[PDB]
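Chemist:
There are 2 protein chains.
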Amino acid sequence: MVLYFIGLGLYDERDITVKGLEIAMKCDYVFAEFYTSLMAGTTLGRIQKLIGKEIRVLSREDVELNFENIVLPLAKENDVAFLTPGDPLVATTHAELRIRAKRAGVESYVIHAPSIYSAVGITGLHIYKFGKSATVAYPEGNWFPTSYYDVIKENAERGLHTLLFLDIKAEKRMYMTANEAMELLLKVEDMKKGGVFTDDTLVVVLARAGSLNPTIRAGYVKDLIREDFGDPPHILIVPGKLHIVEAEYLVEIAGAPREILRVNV
Amino acid sequence: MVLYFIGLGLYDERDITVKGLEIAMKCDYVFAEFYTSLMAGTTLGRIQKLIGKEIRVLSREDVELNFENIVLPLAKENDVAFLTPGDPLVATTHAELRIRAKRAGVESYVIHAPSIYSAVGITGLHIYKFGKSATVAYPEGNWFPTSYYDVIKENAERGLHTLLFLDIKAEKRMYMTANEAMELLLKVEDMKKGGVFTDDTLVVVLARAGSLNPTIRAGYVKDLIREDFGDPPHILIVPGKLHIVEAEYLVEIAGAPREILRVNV
Ligand SMILES: Nc1ncnc2c1ncn2[C@@H]1O[C@H](CSCC[C@H](N)C(=O)O)[C@@H](O)[C@H]1O
Ligand code: NA
Numbered sequence: 001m002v003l004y005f006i007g008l009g010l011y012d013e014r015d016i017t018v019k020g021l022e023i024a025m026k027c028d029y030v031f032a033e034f035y036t037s038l039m040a041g042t043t044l045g046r047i048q049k050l051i052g053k054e055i056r057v058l059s060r061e062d063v064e065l066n067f068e069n070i071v072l073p074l075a076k077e078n079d080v081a082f083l084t085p086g087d088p089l090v091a092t093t094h095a096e097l098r099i100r101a102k103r104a105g106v107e108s109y110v111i112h113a114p115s116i117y118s119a120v121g122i123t124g125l126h127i128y129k130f131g132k133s134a135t136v137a138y139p140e141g142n143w144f145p146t147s148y149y150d151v152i153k154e155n156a157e158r159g160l161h162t163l164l165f166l167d168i169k170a171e172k173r174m175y176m177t178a179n180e181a182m183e184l185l186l187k188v189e190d191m192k193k194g195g196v197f198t199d200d201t202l203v204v205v206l207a208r209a210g211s212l213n214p215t216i217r218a219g220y221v222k223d224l225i226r227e228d229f230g231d232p233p234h235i236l237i238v239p240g241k242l243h244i245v246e247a248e249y250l251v252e253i254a255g256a257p258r259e260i261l262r263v264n265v
Numbered sequence: 001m002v003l004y005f006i007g008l009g010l011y012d013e014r015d016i017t018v019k020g021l022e023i024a025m026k027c028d029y030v031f032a033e034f035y036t037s038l039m040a041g042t043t044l045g046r047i048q049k050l051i052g053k054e055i056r057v058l059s060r061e062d063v064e065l066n067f068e069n070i071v072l073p074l075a076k077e078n079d080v081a082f083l084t085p086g087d088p089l090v091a092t093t094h095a096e097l098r099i100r101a102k103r104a105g106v107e108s109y110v111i112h113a114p115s116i117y118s119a120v121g122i123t124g125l126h127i128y129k130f131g132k133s134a135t136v137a138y139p140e141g142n143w144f145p146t147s148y149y150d151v152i153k154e155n156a157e158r159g160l161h162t163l164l165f166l167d168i169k170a171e172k173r174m175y176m177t178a179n180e181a182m183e184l185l186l187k188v189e190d191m192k193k194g195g196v197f198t199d200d201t202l203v204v205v206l207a208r209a210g211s212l213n214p215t216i217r218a219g220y221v222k223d224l225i226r227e228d229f230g231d232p233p234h235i236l237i238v239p240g241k242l243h244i245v246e247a248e249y250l251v252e253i254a255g256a257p258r259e260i261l262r263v264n265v
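Going line by line, the protein sequences match chains A and B.
According to PDB author numbering, the first sequence is numbered sequentially starting from 1.
According to PDB author numbering, the second sequence is numbered sequentially starting from 1.
(1) Within its chain, find whatever has a CB closer than 8 Å to the CB of A:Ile-127; leave out the 5 residues flanking it on each side and keep chain order.
(2) Is the segment 90 to 104 of chain B close to the segment 38 to 51 of chain B, with three or more CB pairs under 8 Å?
(3) Just the C-alpha distance for A:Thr-162 and B:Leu-261, rounded to the nearest angstrom, thanks.
(4) Is it right to say A:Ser-147 is buried, meaning 16 or more other beta carbons lie within 10 angstroms of its own, or is it exposed?
(5) Expressed to the nearest angstrom, what Euclidean distance is found between the alpha-carbon atoms of A:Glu-252 and B:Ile-6?
(6) For ligand 2, which residues have a Cβ under 5 Å from at least one heavy atom, in chain order?
(7) Considering only residues of the segment 15 to 44 of chain A, which uninterrupted beta strand (DSSP E) runs meet the minimum length of 3 residues and lie entirely inside it, listed in chain order?
(8) Classify A:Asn-142: buried if its beta carbon has 16 or more other beta carbons within 10 angstroms, exposed otherwise.
(9) Among the residues of its own chain, which have a CB less than 7 Å from the CB of B:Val-151, if the five just before and after it don't count?
(10) In the segment 96 to 115 of chain A, which residues sit with their C-beta less than 7 Å from some C-beta in chain B, listed in chain order?
(11) State the DSSP-derived secondary structure class of A:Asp-167, mapped to helix, strand or coil.
(12) Let me check you understand the geometry: is the CB of A:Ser-133 closer than 7 Å to at least one non-hydrogen atom of ligand 1?
(13) In chain order, what residues of the same chain lie with their CB nearer than 7 Å to the CB of A:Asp-28, ignoring the 5 residues before and after it?
(14) Any idea if B:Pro-73 is buried or exposed, counting beta-carbon neighbours within 10 angstroms, 16 or more meaning buried?
(15) Identify whether B:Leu-261 lies in helix, strand or coil by the three-state DSSP scheme.
(16) Going by the DSSP bridge assignment, what does B:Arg-56 pair with across the sheet?
(17) Mind listing which residues of the segment 153 to 170 of chain A have their C-beta closer than 8 Å to chain B's C-betas, in chain order?
(18) Taking buried to mean at least 16 other C-beta atoms within 10 Å of its own C-beta, is A:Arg-14 buried or exposed?
(19) Compare the beta carbon distance of A:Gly-52 and A:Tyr-11 with 8 Å and say whether it is the shorter of the two.
(20) Flag residue 273 of chain B as yes if its beta-carbon sits less than 8 Å from any beta-carbon of chain A, otherwise no.
(21) Does any CB atom of chain A fall closer than 8 Å to the CB of B:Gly-52?
(22) Considering only residues of the same chain and omitting the five flanking positions on each side of B:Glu-33, which have a CB-CB separation below 8 Å?
(23) Taking the alpha carbon of A:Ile-55 as the point to measure from, which residue in A:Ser-37, A:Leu-8, A:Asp-228, A:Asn-69 has its own alpha carbon closest?
(24) Please confirm if A:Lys-132 has its CB atom under 8 Å from at least one CB of chain B.
(25) Taking only heavy atoms of ligand 1 into account, decide whether any of them is closer than 7 Å to the Cβ of A:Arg-208.
(26) By DSSP, does A:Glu-107 sit in helix, in strand, or in coil?
(27) Taking the C-alpha atoms as reference points, what is the distance between A:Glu-246 and A:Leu-224?
(28) Using a Cβ-Cβ cutoff of 7 Å, what residues of the segment 114 to 129 of chain A are near chain B? List them in chain order.
(29) Does the CB of A:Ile-6 have a neighbour CB from chain B at under 8 Å?
(30) Pop quiz: B:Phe-229 and B:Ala-181 are said to be a contact at Cβ under 8 Å. What is the actual Cβ separation, rounded to whole angstroms?
(31) Helix or strand or just coil, what does DSSP make of B:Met-176?
(32) Suppose you measure from the CA of A:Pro-233 to the CA of A:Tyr-175; what does that come to, to the nearest Å?
(33) Does the beta-carbon distance from A:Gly-86 to A:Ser-115 come in below 8 Å?
(34) Three-state secondary structure (DSSP) at B:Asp-150?
Here is the structure:
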């Protein structure tokens, strides 16, 4: 009788840790959700084949409204696993599910997996230099989200890099591209006019981290806004003040304009 | 012709991903470094047994000064792997190693694994709320560094959490405990008196992330400074003002005192 929160990693079924696989293999019941992120290099079938168990996929409503009615009851008399893309507790509200587990008398354990949050390291930007993070959300009706703009502003003033998670509508199979994020940011800039995000802003795009050949690109918005970065998922990053070696990596590995080598200390 | 940067994950030999393991198994030569951090829940022997390959350990000097003449020469005509605790390229100087590979005409790929940067999500603190990160270093001789204190101050001032890495003497296998970190911060507070870290400051301690039985404790410095959090490594976090959901998790899962539900929210 136990509940395991097991991360599946960044891109495909092999991104799960050995620990996660061996534990998942011996669980009586295996549940999972695929609405918090997108694993672009695998399928439910390949995941099931790898762990050797049939996986019951749950919707956001099943989880948020009925986790304690669907999953927890089984954990009381069996070993249950709950799979999620990336790391189960990063940029999700799944941590709160551990409280529901406790209140239901069910012990829970967490098995980590590679997360987009640390995979940013492959962009060459020092991870300790990232500041507050934010999510670029799709406007809906008359509601136009903009707080993420201020996050960038706050971090940039501090010389810190800003990680921008991009929106996702799993049931509609909508995955926000870095291009759409840039478009939205320019519109917010027009309204606020804080000089935070313009055509001359340097940005970094990372697509399909976890694959052997992820797309890593850096450059000015004016030049990248219409560039094809490949299939989703994507994340957008607005660097703050760059260290010499960060700039060198962006140029050498991410194809950034050589002019950014000349940092303005 | 190929160099693989493969992360070993958080705590033991099972924290490497399935992808990481299978790739390492096919490599002709396998190198590793344990100066950035150590795998406290395992040993080199156990990692070797799992990968089924002899592993050549590299010192900080081997990597920083001679990566191109120790690792790359072999990567030119063979499949070579470079193992590092956590997620590759998280350590500040590692990204630059990919530039050396490129310059030597060696292809390089990154195989991610869990990182403490994302694993701390198990503390129930929202990942997006983390600000700039820092490392607590021991004062030595006439040198008393305190920049990590300023980092806490700037983050907390903006309602952001501060991830604090604690000093490590890898070679000597000596770790700074969360207890020592707290005492140091209290000393820096007595000197700067900026109101940033006091007996009344709420902190979170995470020990042995990655293990099935990590230690997660939250509370006021006055009560945790002499508490036993178990064996290292320890990570210290100074949260900024809490979301009620973060507070509830710290109380129910981290044993935090109910008092934080009214004082730090
Ligand atoms: N492999 C990947 N490549 C690029 N972006 C990714 C990604 N995986 C997740 N993301 C980004 O993060 C968003 C999901 S947020 C949930 C993150 C997840 N728990 C983790 O640990 O990674 C996506 O919409 C996308 O913007
Ligand atoms: Na961070």
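Yeah, the Cβ is synthetic: ideal placement off N, Cα and C, and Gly gets one too.
Modeler: Based on what the coordinates show:
(1) Working through the first sequence from its first residue, we reach residue 127 of chain A at position 127. Taken in chain order, the residues that qualify are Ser-118, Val-120, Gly-121.
(2) no
(3) As a working note, residue 162 of chain A is residue 162 in the first sequence. As a working note, residue 261 of chain B is residue 261 in the second sequence. When rounded, the distance between both Cα atoms is 30 Å.
(4) Here residue 147 of chain A corresponds to residue number 147 of the first sequence, with the count starting at 1. It counts as exposed.
(5) Position 252 of the first sequence holds residue 252 of chain A. Position 6 of the second sequence holds residue 6 of chain B. Near 21 Å, if we compare the C-alpha coordinates of B:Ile-6 and A:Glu-252.
(6) A:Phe-130, B:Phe-130
(7) 29 to 32
(8) Counted from its first residue, the first sequence places residue 142 of chain A at position 142. So A:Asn-142 counts as exposed.
(9) Within the second sequence, numbered from 1, the residue matching residue 151 of chain B stands at position 151. Same-chain partners within the cutoff: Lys-132, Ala-134, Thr-162.
(10) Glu-96, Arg-98, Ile-99, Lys-102, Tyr-109, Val-110, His-112, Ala-113, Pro-114, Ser-115
(11) Translated into positions along the first sequence, residue 167 of chain A becomes position 167. A:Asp-167: coil per DSSP, three-state reduction.
(12) On the first sequence, residue 133 of chain A is found 133 positions in, with the first residue counted as 1. Outside the cutoff, so no.
(13) Indexing the first sequence from 1 puts residue 28 of chain A at position 28. Excluding sequence neighbours, A:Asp-28 sits near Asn-78, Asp-79, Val-80.
(14) Against the second sequence, residue 73 of chain B aligns to sequence position 73. The residue in question, B:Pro-73, is exposed, as its Cβ has fewer than 16 Cβ neighbours within 10 Å.
(15) Position 261 of the second sequence holds residue 261 of chain B. Helix, per DSSP.
(16) Locating residue 56 of chain B in the second sequence gives position 56, counting from the first residue. B:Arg-56 is bridged to B:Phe-31.
(17) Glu-154, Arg-158, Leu-160, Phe-165
(18) Residue 14 of chain A sits at position 14 when you count from the first residue of the first sequence. So A:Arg-14 ends up on the buried side.
(19) For the purposes of this step, residue 52 of chain A is identified with residue 52 of the first sequence, where counting begins at 1. For the purposes of this step, residue 11 of chain A is identified with residue 11 of the first sequence, where counting begins at 1. Not in contact: A:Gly-52 and A:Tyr-11 (Cβ atoms no closer than 8 Å).
(20) Residue coverage of chain B in this structure runs from 1 to 265, which leaves residue 273 of chain B outside it and unanswerable.
(21) For the purposes of this step, residue 52 of chain B is taken as the residue at position 52 of the second sequence. Answer no: the Cβ-Cβ gap between B:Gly-52 and chain A never drops below 8 Å.
(22) Against the second sequence, residue 33 of chain B aligns to sequence position 33. Only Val-57, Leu-58, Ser-59, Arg-60, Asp-62, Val-63, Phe-82, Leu-83, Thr-84 meet the Cβ criterion.
(23) Residue 55 of chain A sits at position 55 when you count from the first residue of the first sequence. Residue A:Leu-8 is the option with its Cα nearest to A:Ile-55.
(24) Along the first sequence, one-based indexing puts residue 132 of chain A at 132. Yes, A:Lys-132 counts as interfacial toward chain B.
(25) Position 208 of the first sequence, counted from the start, is the residue given in the question as residue 208 of chain A. The answer is yes for A:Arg-208.
(26) Within the first sequence, residue 107 of chain A is the residue found at index 107, counting from 1. Coil, per DSSP.
(27) What you label residue 246 of chain A is simply residue 246 of the first sequence in a count that begins at 1. What you label residue 224 of chain A is simply residue 224 of the first sequence in a count that begins at 1. So the two alpha carbons sit approximately 19 Å from each other.
(28) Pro-114, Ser-115, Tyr-117, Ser-118, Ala-119, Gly-121, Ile-122, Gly-124, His-126, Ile-127, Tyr-128, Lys-129
(29) In the first sequence, residue 6 of chain A corresponds to position 6, counting from 1. False, the Cβ-Cβ gap to chain B never drops below 8 Å.
(30) As a working mapping, residue 229 of chain B is identified with position 229 in the second sequence. As a working mapping, residue 181 of chain B is identified with position 181 in the second sequence. Not really, about 11 Å apart at Cβ, beyond 8 Å.
(31) As a position in the second sequence, residue 176 of chain B is number 176, starting the count at 1. B:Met-176 falls in the coil class under three-state DSSP.
(32) Here residue 233 of chain A corresponds to residue number 233 of the first sequence, with the count starting at 1. Here residue 175 of chain A corresponds to residue number 175 of the first sequence, with the count starting at 1. One C-alpha to the other measures close to 6 Å.
(33) Locating residue 86 of chain A in the first sequence gives position 86, counting from the first residue. Locating residue 115 of chain A in the first sequence gives position 115, counting from the first residue. Yes, the pair counts as a contact, with Cβ atoms nearer than the cut-off.
(34) Your numbering for residue 150 of chain B matches position 150 in the second sequence. Three-state DSSP puts B:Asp-150 in a helix.
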